[PDB]
Amino acid sequence: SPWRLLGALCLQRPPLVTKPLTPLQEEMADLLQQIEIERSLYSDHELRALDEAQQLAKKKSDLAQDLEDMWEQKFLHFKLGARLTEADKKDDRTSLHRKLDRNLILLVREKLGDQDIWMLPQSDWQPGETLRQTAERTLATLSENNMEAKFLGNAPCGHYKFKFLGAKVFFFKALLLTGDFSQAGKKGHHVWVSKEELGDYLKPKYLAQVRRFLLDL
Amino acid sequence: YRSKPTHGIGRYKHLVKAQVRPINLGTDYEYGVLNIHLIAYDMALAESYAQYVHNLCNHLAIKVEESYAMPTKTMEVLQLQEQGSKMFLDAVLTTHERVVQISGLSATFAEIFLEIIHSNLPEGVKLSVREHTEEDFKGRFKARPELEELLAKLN
Amino acid sequence: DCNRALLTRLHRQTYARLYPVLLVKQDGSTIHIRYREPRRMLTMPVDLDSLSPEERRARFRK
Amino acid sequence: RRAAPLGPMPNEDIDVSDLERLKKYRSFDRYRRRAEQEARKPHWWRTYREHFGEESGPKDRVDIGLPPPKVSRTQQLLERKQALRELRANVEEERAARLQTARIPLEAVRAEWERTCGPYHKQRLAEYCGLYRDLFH
Amino acid sequence: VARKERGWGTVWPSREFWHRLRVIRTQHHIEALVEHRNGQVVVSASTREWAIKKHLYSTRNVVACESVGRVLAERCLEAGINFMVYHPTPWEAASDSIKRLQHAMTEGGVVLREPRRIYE
Amino acid sequence: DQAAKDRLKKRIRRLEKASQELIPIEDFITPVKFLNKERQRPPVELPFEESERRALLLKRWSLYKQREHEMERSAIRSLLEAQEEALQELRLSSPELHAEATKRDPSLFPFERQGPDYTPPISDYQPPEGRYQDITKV
Ligand SMILES: [Mg+2]
């Protein structure tokens, strides 16, 4: 029985920004803040404020707010970055900066002679090579750029078989540290995609089980 | 009694035993003890995440060797005020380190564990996963000026 | 899942009142730090990352 | 001289080696529960009950009485679950439980006890007082 | 004048009694037994019983312990038993549920501290 | 010449025979400045409605945490079952790859990671000026 062997790489981009809070979590945060203020002893700022307020009140018959106003006006003058870098675009699904709250994975379109597959990045190696180094070589070559990929474990993550003679695909999970994608205007259809859009995109039953080991978050 | 069939019914000292080099054998890669460092400016956040990882280790049948806190480090912010040629005190920032010391683990469960940890990292908390070495062991300990000065006299 | 171990407070008896200041580092990103002296924003400066050549270049540019 | 035990030893099941991977009980209450659970088993050695009168151990008691009421177990469980759910849906009862101010209709409790499980308690107390030991023997 | 089972002194609890109160607080139900020195059950009050189950919500509360204690005291009065011993753990005697359980048992007519044996 | 070295070695032995006590942690010890701020603090007088809503919120939070723990455990169980299926399939396929994969890379020893932030980084952001200094106690 002839056997074909093949590796594949699931690249995860860590979220840059924290997810928003459920209203239940917001209520719990308010409760925790209130009880922490209640159980708290005193702060130097509020102690000085109350002391100064009492001192002026007693001296009138015989600062802290200014510093608070200065801090407030400095904060209002300073402007933070835009958390929603995708809501303004709504067009590019291929950008590394598409989503910041969820993990992203890369899907690349390949149209072969007998198959037109929306395929996760696969590889090929001769029996003298190793799966992990094969994945590293694949991310170095097929990605035509400089990525900094942090592999989690030497052991695989997913294993799928198809019999025509058979073939096997071994998915290893890797993490993105810092990448400089050159030639973003190329015709190679590379898309950064989340959990739900991944489920929308991936048609085959073999690639429909990547979600089995991929984190839902 | 010794000749009676009920001998040794009260034997209990064998039930309680109360009186690290990694084991790298290739396939059962049961390596050595590891430090999970959690560095944060928020003391409560660092403590909460250390508690969470400790409970996760307890649930996942991980032999937690220790769960300690390293000495604090108080950075002082000296900002240069406008027009320059000066330097004024802005604030003080106390960074805190909580370290969970685990005993043994495998490659598979290490991958899964690390995946869970960096999926569940809070905001503004630096993760570190290192092997336990003499430098990491002496980090908790104070310097030895007498030993250092004598060694200088020797050299 | 990043909001798992965030919803906590100070579990100690005696402690000063601390406030959620917004700390921005030398990167353009911000975090929430529970800190006294309730300033609405804190900024992390830098004067030690680069060497003498880049330090002189920055001094000339400033 | 050594002799072979006449049956299984008490602590011969758990493994001596690798104690750190074996779960422990950290509660004196848990240990007490386990100890009292084990103390009621018919051990092969000379125990306390044999010498202090467990009353011949097991006894096949002759039952002279009416058959138990044939009740539909499935429908009874369904009705009990529905009644429990209806009691749980109330918010005033939860408030009373939280505030530690709750009372029980002891008269209705006694009536229901007599209706469903009073006969068994009466039978066991009559055992304890020795009514059957002297009336039918 | 019955023979109290004096003895052990080394193990706990002391078995010198004619009747003993035993409170079992599982994670779901609460069961109070009155046991004779041979180990048989004299009178029991359990939250597993339908009479208390359908009348009481959340059978694990302090109110549940108090209701169980009241029911057990009433049943002991029916059974004609008035004296029994209770030997809780140090962390059990300081609890809220069982303190009120003891209070309810005393208010129901059942008094602890079984009387001293004549010519002990 | 030799006597000095003998005294030096003796002082090694005496100093190395001493203890290796840790630095006291400033977190677990309360500074003296926190004693004068306690007597003045006024109680807060939680009202009945606030107590009721807090109790309801704690019950909801307990249920939510239990469900979240269950979901996380289910997710890690799915991950572990997929991983063990993968390992069994690879062992059935070839043993040499199994032996190679059941190691760990030496590259995972200094694992460093950072969590997310509240605001995405701003491109072309210039922190003006300022120096760092340590005030930690020895
Ligand atoms: Mg039934």
# chains A, B, ... in the order shown; residues from 1 in each chain; ligands from 1
>>> interface_residues(of="chain B", to="chain D", cutoff="8 Å", atoms="only C-alpha atoms", output="list in words")
residues 2, 3, 4, 5, 6, 7, 9, 14, 15, 16, 17 and 61 of chain B
>>> write_last_selection(atoms="N, CA and C atoms", output="PDB file, in the first residue's frame")
ATOM      1  N   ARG B   2       3.221 -11.526  65.684  1.00  0.00           N
ATOM      2  CA  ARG B   2       3.904 -11.872  64.443  1.00  0.00           C
ATOM      3  C   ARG B   2       3.396 -13.174  63.837  1.00  0.00           C
ATOM      4  N   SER B   3       3.140 -14.192  64.657  1.00  0.00           N
ATOM      5  CA  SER B   3       2.681 -15.473  64.133  1.00  0.00           C
ATOM      6  C   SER B   3       1.193 -15.487  63.813  1.00  0.00           C
ATOM      7  N   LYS B   4       0.446 -14.472  64.237  1.00  0.00           N
ATOM      8  CA  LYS B   4      -0.976 -14.427  63.948  1.00  0.00           C
ATOM      9  C   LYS B   4      -1.213 -14.012  62.496  1.00  0.00           C
ATOM     10  N   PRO B   5      -2.303 -14.484  61.884  1.00  0.00           N
ATOM     11  CA  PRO B   5      -2.610 -14.060  60.509  1.00  0.00           C
ATOM     12  C   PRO B   5      -2.875 -12.571  60.375  1.00  0.00           C
ATOM     13  N   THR B   6      -3.272 -11.894  61.451  1.00  0.00           N
ATOM     14  CA  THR B   6      -3.582 -10.473  61.416  1.00  0.00           C
ATOM     15  C   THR B   6      -2.359  -9.596  61.655  1.00  0.00           C
ATOM     16  N   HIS B   7      -1.158 -10.122  61.427  1.00  0.00           N
ATOM     17  CA  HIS B   7       0.049  -9.340  61.646  1.00  0.00           C
ATOM     18  C   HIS B   7       0.154  -8.213  60.627  1.00  0.00           C
ATOM     19  N   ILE B   9      -1.541  -5.427  60.504  1.00  0.00           N
ATOM     20  CA  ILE B   9      -2.771  -4.710  60.192  1.00  0.00           C
ATOM     21  C   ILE B   9      -2.659  -3.231  60.538  1.00  0.00           C
ATOM     22  N   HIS B  14       4.281   2.959  55.872  1.00  0.00           N
ATOM     23  CA  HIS B  14       4.484   2.788  54.440  1.00  0.00           C
ATOM     24  C   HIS B  14       3.448   3.530  53.609  1.00  0.00           C
ATOM     25  N   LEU B  15       2.403   4.070  54.237  1.00  0.00           N
ATOM     26  CA  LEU B  15       1.377   4.815  53.522  1.00  0.00           C
ATOM     27  C   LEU B  15       1.675   6.304  53.438  1.00  0.00           C
ATOM     28  N   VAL B  16       2.575   6.813  54.275  1.00  0.00           N
ATOM     29  CA  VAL B  16       3.003   8.206  54.233  1.00  0.00           C
ATOM     30  C   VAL B  16       4.524   8.228  54.274  1.00  0.00           C
ATOM     31  N   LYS B  17       5.132   9.018  53.398  1.00  0.00           N
ATOM     32  CA  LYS B  17       6.585   9.130  53.310  1.00  0.00           C
ATOM     33  C   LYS B  17       6.969  10.559  53.686  1.00  0.00           C
ATOM     34  N   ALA B  61      -3.586  17.632  37.156  1.00  0.00           N
ATOM     35  CA  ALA B  61      -2.702  16.626  37.749  1.00  0.00           C
ATOM     36  C   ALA B  61      -1.230  16.977  37.558  1.00  0.00           C
TER      37      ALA B  61
END
>>> residues_near_ligand(ligand="ligand 1", cutoff="8 Å", atoms="only C-alpha atoms and all ligand atoms", output="list in words")
residues 73, 74, 76 and 77 of chain D
>>> write_last_selection(atoms="C-alpha atoms", output="tab-separated table (two decimals), in the first residue's frame")
chain	number	residue	atom	x	y	z
D	73	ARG	CA	-42.64	5.56	40.54
D	74	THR	CA	-42.29	7.50	37.27
D	76	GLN	CA	-44.45	10.17	41.50
D	77	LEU	CA	-40.96	11.35	40.54
>>> residues_around(residues="segment 99-115 of chain F", least_positions_apart="5", cutoff="10 Å", atoms="only C-alpha atoms", output="JSON, numbers by chain")
{"A": [14, 15, 16, 17, 18, 130, 131, 132, 150, 151, 152, 153, 154, 155, 156, 177], "B": [24, 25, 26, 27, 28, 29, 30, 31, 34, 36, 37, 38, 39, 106, 107, 108, 110, 111, 114, 117, 118, 119, 120, 121, 122, 123, 124, 125, 126, 127, 128, 129, 130, 131, 132], "C": [2], "F": [87, 90, 91, 94]}
>>> interface_residues(of="chain D", to="chain E", cutoff="6 Å", atoms="only C-alpha atoms", output="ChimeraX atom specification")
/D:100,109,112-113,125
>>> write_last_selection(atoms="C-alpha atoms", output="PDB file, in the first residue's frame")
ATOM      1  CA  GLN D 100     -32.217  33.089  57.532  1.00  0.00           C
ATOM      2  CA  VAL D 109     -44.570  17.659  57.778  1.00  0.00           C
ATOM      3  CA  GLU D 112     -46.747  13.598  55.288  1.00  0.00           C
ATOM      4  CA  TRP D 113     -44.194  11.641  57.332  1.00  0.00           C
ATOM      5  CA  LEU D 125     -38.242   2.041  66.939  1.00  0.00           C
TER       6      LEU D 125
END
>>> closest_residue(among="A:178, A:85, A:123, A:141", to="chain F", atoms="only C-alpha atoms")
A:85
>>> residues_around(residues="residue 71 of chain A", least_positions_apart="4", cutoff="12 Å", atoms="only C-alpha atoms", output="JSON, numbers by chain")
{"A": [64, 65, 66, 67, 75, 76, 77, 78], "C": [21, 22, 37, 38, 39, 40, 41, 42]}
>>> closest_atom_pairs(of="chain F", to="chain D", cutoff="10 Å", atoms="only C-alpha atoms", output="tab-separated table")
residue	atom	partner	partner_atom	distance
F:52	CA	D:95	CA	8.3
F:55	CA	D:98	CA	8.6
F:56	CA	D:95	CA	10.0
>>> atom_distance(atom1="atom CA of residue 49 of chain B", atom2="atom CA of residue 6 of chain C")
7.9 Å
>>> closest_atom_pairs(of="chain F", to="chain A", cutoff="8 Å", atoms="only C-alpha atoms", output="Markdown table")
| residue | atom | partner | partner_atom | distance |
| --- | --- | --- | --- | --- |
| F:34 | CA | A:41 | CA | 7.7 |
| F:37 | CA | A:42 | CA | 6.2 |
| F:38 | CA | A:41 | CA | 6.1 |
| F:41 | CA | A:41 | CA | 7.0 |
| F:44 | CA | A:38 | CA | 7.0 |
| F:54 | CA | A:31 | CA | 7.5 |
| F:57 | CA | A:28 | CA | 7.2 |
| F:61 | CA | A:28 | CA | 7.6 |
| F:75 | CA | A:215 | CA | 7.5 |
| F:78 | CA | A:212 | CA | 6.4 |
| F:79 | CA | A:213 | CA | 4.6 |
| F:82 | CA | A:213 | CA | 6.3 |
| F:83 | CA | A:157 | CA | 5.4 |
| F:85 | CA | A:159 | CA | 7.4 |
| F:86 | CA | A:159 | CA | 4.8 |
| F:87 | CA | A:156 | CA | 7.3 |
| F:89 | CA | A:159 | CA | 6.8 |
| F:90 | CA | A:159 | CA | 7.5 |
| F:97 | CA | A:130 | CA | 7.6 |
| F:101 | CA | A:155 | CA | 4.8 |
| F:102 | CA | A:155 | CA | 6.1 |
| F:103 | CA | A:154 | CA | 6.6 |
| F:104 | CA | A:154 | CA | 5.4 |
| F:105 | CA | A:154 | CA | 6.2 |
| F:108 | CA | A:152 | CA | 7.6 |
| F:116 | CA | A:17 | CA | 5.1 |
| F:117 | CA | A:17 | CA | 4.9 |
| F:118 | CA | A:17 | CA | 5.5 |
| F:119 | CA | A:83 | CA | 6.0 |
| F:120 | CA | A:83 | CA | 6.0 |
| F:121 | CA | A:81 | CA | 6.8 |
| F:122 | CA | A:81 | CA | 5.7 |
>>> write_last_selection(atoms="N, CA and C atoms", output="compact mmCIF listing (two decimals), in the first residue's frame")
# COMPACT_ATOMS: atom_id res chain seq x y z
N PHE F 34 0.37 52.92 57.35
CA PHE F 34 -1.01 52.49 57.24
C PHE F 34 -1.71 52.36 58.59
N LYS F 37 -4.29 55.78 59.41
CA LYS F 37 -5.41 56.05 58.52
C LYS F 37 -6.62 55.16 58.78
N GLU F 38 -6.66 54.44 59.90
CA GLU F 38 -7.73 53.47 60.12
C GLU F 38 -8.87 54.03 60.96
N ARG F 41 -11.73 56.24 59.28
CA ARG F 41 -12.54 55.72 58.18
C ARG F 41 -13.99 55.53 58.63
N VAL F 44 -19.93 52.36 55.93
CA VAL F 44 -20.58 52.62 54.65
C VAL F 44 -22.08 52.36 54.68
N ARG F 54 -26.46 42.64 45.39
CA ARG F 54 -25.13 42.04 45.48
C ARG F 54 -25.21 40.53 45.61
N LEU F 57 -26.10 39.14 42.28
CA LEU F 57 -24.96 39.21 41.38
C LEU F 57 -23.93 38.14 41.70
N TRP F 61 -22.75 35.26 39.24
CA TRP F 61 -21.33 35.14 38.98
C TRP F 61 -20.83 33.72 39.26
N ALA F 75 -13.28 22.27 26.18
CA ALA F 75 -12.38 22.66 25.10
C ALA F 75 -11.03 21.97 25.23
N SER F 78 -11.41 18.36 24.26
CA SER F 78 -11.42 18.20 22.81
C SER F 78 -10.02 18.32 22.24
N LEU F 79 -9.25 19.29 22.72
CA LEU F 79 -7.87 19.44 22.28
C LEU F 79 -7.05 18.20 22.59
N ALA F 82 -8.13 15.20 20.35
CA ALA F 82 -7.57 15.37 19.02
C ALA F 82 -6.08 15.07 19.01
N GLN F 83 -5.37 15.53 20.05
CA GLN F 83 -3.93 15.31 20.12
C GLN F 83 -3.59 13.83 20.29
N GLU F 85 -5.49 11.28 19.36
CA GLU F 85 -5.77 10.66 18.07
C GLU F 85 -4.63 10.90 17.10
N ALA F 86 -4.09 12.13 17.08
CA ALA F 86 -2.96 12.44 16.21
C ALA F 86 -1.75 11.58 16.55
N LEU F 87 -1.43 11.46 17.84
CA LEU F 87 -0.28 10.67 18.26
C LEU F 87 -0.46 9.20 17.92
N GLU F 89 -2.35 7.94 15.51
CA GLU F 89 -2.24 7.80 14.06
C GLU F 89 -0.78 7.85 13.61
N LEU F 90 0.01 8.75 14.19
CA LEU F 90 1.41 8.85 13.78
C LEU F 90 2.18 7.60 14.20
N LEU F 97 9.20 8.69 13.37
CA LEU F 97 8.62 10.01 13.58
C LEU F 97 8.04 10.14 14.98
N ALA F 101 9.22 12.97 17.53
CA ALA F 101 8.24 13.95 17.99
C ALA F 101 8.04 13.93 19.50
N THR F 102 8.24 12.79 20.16
CA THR F 102 8.05 12.74 21.60
C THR F 102 9.18 13.38 22.40
N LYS F 103 10.10 14.10 21.76
CA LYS F 103 11.01 14.99 22.45
C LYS F 103 10.41 16.38 22.51
N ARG F 104 11.16 17.31 23.09
CA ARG F 104 10.89 18.73 22.94
C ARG F 104 12.11 19.42 22.36
N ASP F 105 11.87 20.47 21.59
CA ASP F 105 12.96 21.27 21.06
C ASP F 105 13.67 22.00 22.19
N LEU F 108 12.36 25.75 23.41
CA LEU F 108 11.25 26.09 24.29
C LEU F 108 11.70 26.38 25.72
N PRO F 116 -2.30 40.76 26.05
CA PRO F 116 -2.84 41.85 25.22
C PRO F 116 -2.82 43.17 25.98
N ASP F 117 -3.19 44.23 25.28
CA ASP F 117 -3.23 45.58 25.84
C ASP F 117 -4.63 46.15 25.65
N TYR F 118 -4.86 47.33 26.23
CA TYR F 118 -6.16 47.97 26.14
C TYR F 118 -6.34 48.78 24.87
N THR F 119 -5.25 49.31 24.30
CA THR F 119 -5.31 50.10 23.08
C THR F 119 -4.26 49.58 22.11
N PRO F 120 -4.59 49.41 20.84
CA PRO F 120 -3.59 48.97 19.85
C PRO F 120 -2.48 50.00 19.72
N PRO F 121 -1.27 49.56 19.38
CA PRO F 121 -0.14 50.49 19.28
C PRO F 121 -0.39 51.56 18.22
N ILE F 122 0.11 52.76 18.50
CA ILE F 122 -0.02 53.89 17.59
C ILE F 122 1.26 53.97 16.76
>>> residues_around(residues="residue 103 of chain B", least_positions_apart="5", cutoff="10 Å", atoms="only C-alpha atoms", output="MDAnalysis selection string")
chainID B and resid 20 22 30:35 62:66 132
>>> write_last_selection(atoms="C-alpha atoms", output="tab-separated table (two decimals), in the first residue's frame")
chain	number	residue	atom	x	y	z
B	20	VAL	CA	16.34	18.31	39.98
B	22	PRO	CA	15.53	16.57	33.75
B	30	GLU	CA	9.69	13.70	31.56
B	31	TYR	CA	11.94	16.70	32.05
B	32	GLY	CA	12.79	18.69	35.16
B	33	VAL	CA	11.27	21.44	37.29
B	34	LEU	CA	10.21	24.70	35.63
B	35	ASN	CA	9.49	28.26	36.75
B	62	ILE	CA	0.49	18.70	37.63
B	63	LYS	CA	2.85	18.30	40.59
B	64	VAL	CA	3.19	21.91	41.74
B	65	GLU	CA	6.53	22.12	43.53
B	66	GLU	CA	6.08	25.70	44.77
B	132	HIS	CA	15.04	26.10	37.13
>>> residues_around(residues="residue 143 of chain A", least_positions_apart="5", cutoff="12 Å", atoms="only C-alpha atoms", output="list in words")
residues 9, 11, 106, 107, 108, 121, 122, 123, 135, 136, 137, 138, 148, 149, 179, 180, 181, 182, 183, 184, 186, 188, 189 and 190 of chain A
>>> residues_around(residues="residue 4 of chain E", least_positions_apart="5", cutoff="10 Å", atoms="only C-alpha atoms", output="PyMOL selection string")
chain E and resi 15-18+37+116-117+120
>>> write_last_selection(atoms="N, CA, C and O atoms", output="short mmCIF file (atom, residue, chain, number, x, y, z; two decimals), in the first residue's frame")
data_model
loop_
_atom_site.label_atom_id
_atom_site.label_comp_id
_atom_site.auth_asym_id
_atom_site.auth_seq_id
_atom_site.Cartn_x
_atom_site.Cartn_y
_atom_site.Cartn_z
N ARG E 15 -17.52 6.99 73.42
CA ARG E 15 -18.71 6.16 73.25
C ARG E 15 -19.44 5.90 74.56
O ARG E 15 -20.13 4.88 74.69
N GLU E 16 -19.30 6.79 75.54
CA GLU E 16 -19.97 6.63 76.84
C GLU E 16 -21.30 7.35 76.78
O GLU E 16 -21.42 8.52 77.15
N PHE E 17 -22.33 6.65 76.30
CA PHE E 17 -23.66 7.22 76.17
C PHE E 17 -24.67 6.10 76.00
O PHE E 17 -24.31 4.93 75.82
N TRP E 18 -25.95 6.47 76.07
CA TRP E 18 -27.04 5.59 75.67
C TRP E 18 -27.66 6.01 74.34
O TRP E 18 -28.15 5.16 73.60
N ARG E 37 -25.90 2.85 71.37
CA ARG E 37 -24.50 2.47 71.46
C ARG E 37 -24.14 1.27 70.60
O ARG E 37 -22.96 1.07 70.30
N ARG E 116 -25.93 11.77 84.43
CA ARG E 116 -24.89 10.91 84.96
C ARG E 116 -25.47 9.59 85.45
O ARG E 116 -26.58 9.54 86.00
N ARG E 117 -24.72 8.52 85.24
CA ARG E 117 -25.17 7.19 85.63
C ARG E 117 -25.12 7.04 87.15
O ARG E 117 -24.13 7.39 87.79
N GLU E 120 -21.92 4.89 88.87
CA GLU E 120 -21.25 4.76 87.58
C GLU E 120 -20.11 3.75 87.60
O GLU E 120 -19.85 3.10 88.61
#
>>> select_by_dssp(residues="segment 24-108 of chain E", states="helix (DSSP H, G or I)", output="ChimeraX atom specification")
/E:50-55,62-79,90-93,96-107
>>> interface_residues(of="chain C", to="chain A", cutoff="8 Å", atoms="only C-alpha atoms", output="PyMOL selection string")
chain C and resi 1-3+7-10+13-18+28-29+36-41
>>> interface_residues(of="chain C", to="chain F", cutoff="6 Å", atoms="only C-alpha atoms", output="PyMOL selection string")
chain C and resi 26-31+45-47
>>> select_by_dssp(residues="chain C", states="strand (DSSP E or B)", output="PyMOL selection string")
chain C and resi 19-24+30-35+41-43
>>> write_last_selection(atoms="C-alpha atoms", output="PDB file, in the first residue's frame")
ATOM      1  CA  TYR C  19      -7.121  53.951  41.086  1.00  0.00           C
ATOM      2  CA  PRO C  20      -7.262  52.567  37.509  1.00  0.00           C
ATOM      3  CA  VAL C  21      -4.665  54.758  35.821  1.00  0.00           C
ATOM      4  CA  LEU C  22      -4.078  54.405  32.079  1.00  0.00           C
ATOM      5  CA  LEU C  23      -0.412  53.556  31.485  1.00  0.00           C
ATOM      6  CA  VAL C  24       1.069  54.027  28.005  1.00  0.00           C
ATOM      7  CA  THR C  30      -2.115  51.360  26.839  1.00  0.00           C
ATOM      8  CA  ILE C  31      -2.956  49.176  29.839  1.00  0.00           C
ATOM      9  CA  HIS C  32      -4.935  49.627  33.052  1.00  0.00           C
ATOM     10  CA  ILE C  33      -2.873  49.747  36.254  1.00  0.00           C
ATOM     11  CA  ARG C  34      -4.395  50.003  39.723  1.00  0.00           C
ATOM     12  CA  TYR C  35      -2.310  52.780  41.267  1.00  0.00           C
ATOM     13  CA  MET C  41      -2.810  58.888  32.516  1.00  0.00           C
ATOM     14  CA  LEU C  42       0.818  57.830  32.984  1.00  0.00           C
ATOM     15  CA  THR C  43       3.528  57.755  30.315  1.00  0.00           C
TER      16      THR C  43
END
>>> decode(residues="segment 59-73 of chain A", atoms="N, CA, C and O atoms", output="PDB file, in the first residue's frame")
ATOM      1  N   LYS A  59     -10.312  77.851  58.882  1.00  0.00           N
ATOM      2  CA  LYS A  59      -9.584  79.113  58.841  1.00  0.00           C
ATOM      3  C   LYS A  59     -10.459  80.264  58.363  1.00  0.00           C
ATOM      4  O   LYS A  59     -10.206  81.418  58.726  1.00  0.00           O
ATOM      5  N   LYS A  60     -11.482  79.976  57.552  1.00  0.00           N
ATOM      6  CA  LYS A  60     -12.381  81.033  57.101  1.00  0.00           C
ATOM      7  C   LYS A  60     -13.136  81.661  58.264  1.00  0.00           C
ATOM      8  O   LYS A  60     -13.470  82.851  58.217  1.00  0.00           O
ATOM      9  N   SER A  61     -13.415  80.886  59.311  1.00  0.00           N
ATOM     10  CA  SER A  61     -14.072  81.401  60.503  1.00  0.00           C
ATOM     11  C   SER A  61     -13.099  82.015  61.501  1.00  0.00           C
ATOM     12  O   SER A  61     -13.544  82.598  62.496  1.00  0.00           O
ATOM     13  N   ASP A  62     -11.796  81.899  61.264  1.00  0.00           N
ATOM     14  CA  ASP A  62     -10.798  82.459  62.167  1.00  0.00           C
ATOM     15  C   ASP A  62      -9.830  83.368  61.417  1.00  0.00           C
ATOM     16  O   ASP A  62      -9.301  84.327  61.981  1.00  0.00           O
ATOM     17  N   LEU A  63      -3.002  72.475  45.295  1.00  0.00           N
ATOM     18  CA  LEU A  63      -4.089  71.770  45.966  1.00  0.00           C
ATOM     19  C   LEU A  63      -4.379  70.442  45.275  1.00  0.00           C
ATOM     20  O   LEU A  63      -3.713  70.080  44.307  1.00  0.00           O
ATOM     21  N   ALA A  64      -5.379  69.719  45.779  1.00  0.00           N
ATOM     22  CA  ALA A  64      -5.751  68.433  45.203  1.00  0.00           C
ATOM     23  C   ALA A  64      -6.689  68.580  44.011  1.00  0.00           C
ATOM     24  O   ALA A  64      -6.518  67.892  42.998  1.00  0.00           O
ATOM     25  N   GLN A  65      -7.683  69.466  44.115  1.00  0.00           N
ATOM     26  CA  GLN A  65      -8.607  69.675  43.006  1.00  0.00           C
ATOM     27  C   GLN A  65      -7.904  70.263  41.791  1.00  0.00           C
ATOM     28  O   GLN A  65      -8.245  69.918  40.655  1.00  0.00           O
ATOM     29  N   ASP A  66      -6.929  71.149  42.004  1.00  0.00           N
ATOM     30  CA  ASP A  66      -6.177  71.703  40.881  1.00  0.00           C
ATOM     31  C   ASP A  66      -5.386  70.619  40.156  1.00  0.00           C
ATOM     32  O   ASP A  66      -5.362  70.581  38.920  1.00  0.00           O
ATOM     33  N   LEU A  67      -4.735  69.727  40.908  1.00  0.00           N
ATOM     34  CA  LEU A  67      -4.012  68.625  40.282  1.00  0.00           C
ATOM     35  C   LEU A  67      -4.964  67.681  39.560  1.00  0.00           C
ATOM     36  O   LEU A  67      -4.642  67.165  38.483  1.00  0.00           O
ATOM     37  N   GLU A  68      -6.139  67.433  40.145  1.00  0.00           N
ATOM     38  CA  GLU A  68      -7.129  66.593  39.477  1.00  0.00           C
ATOM     39  C   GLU A  68      -7.582  67.220  38.165  1.00  0.00           C
ATOM     40  O   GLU A  68      -7.719  66.525  37.150  1.00  0.00           O
ATOM     41  N   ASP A  69      -7.818  68.533  38.164  1.00  0.00           N
ATOM     42  CA  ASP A  69      -8.196  69.226  36.936  1.00  0.00           C
ATOM     43  C   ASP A  69      -7.081  69.163  35.900  1.00  0.00           C
ATOM     44  O   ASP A  69      -7.346  68.986  34.705  1.00  0.00           O
ATOM     45  N   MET A  70      -5.830  69.321  36.337  1.00  0.00           N
ATOM     46  CA  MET A  70      -4.705  69.225  35.411  1.00  0.00           C
ATOM     47  C   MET A  70      -4.619  67.837  34.790  1.00  0.00           C
ATOM     48  O   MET A  70      -4.415  67.701  33.577  1.00  0.00           O
ATOM     49  N   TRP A  71      -4.775  66.794  35.606  1.00  0.00           N
ATOM     50  CA  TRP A  71      -4.757  65.433  35.078  1.00  0.00           C
ATOM     51  C   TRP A  71      -5.907  65.206  34.105  1.00  0.00           C
ATOM     52  O   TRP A  71      -5.724  64.591  33.047  1.00  0.00           O
ATOM     53  N   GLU A  72      -7.100  65.701  34.445  1.00  0.00           N
ATOM     54  CA  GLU A  72      -8.257  65.530  33.573  1.00  0.00           C
ATOM     55  C   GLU A  72      -8.043  66.221  32.233  1.00  0.00           C
ATOM     56  O   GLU A  72      -8.332  65.652  31.174  1.00  0.00           O
ATOM     57  N   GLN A  73      -7.533  67.455  32.257  1.00  0.00           N
ATOM     58  CA  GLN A  73      -7.329  68.177  31.006  1.00  0.00           C
ATOM     59  C   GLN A  73      -6.211  67.555  30.179  1.00  0.00           C
ATOM     60  O   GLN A  73      -6.314  67.509  28.949  1.00  0.00           O
TER      61      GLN A  73
END
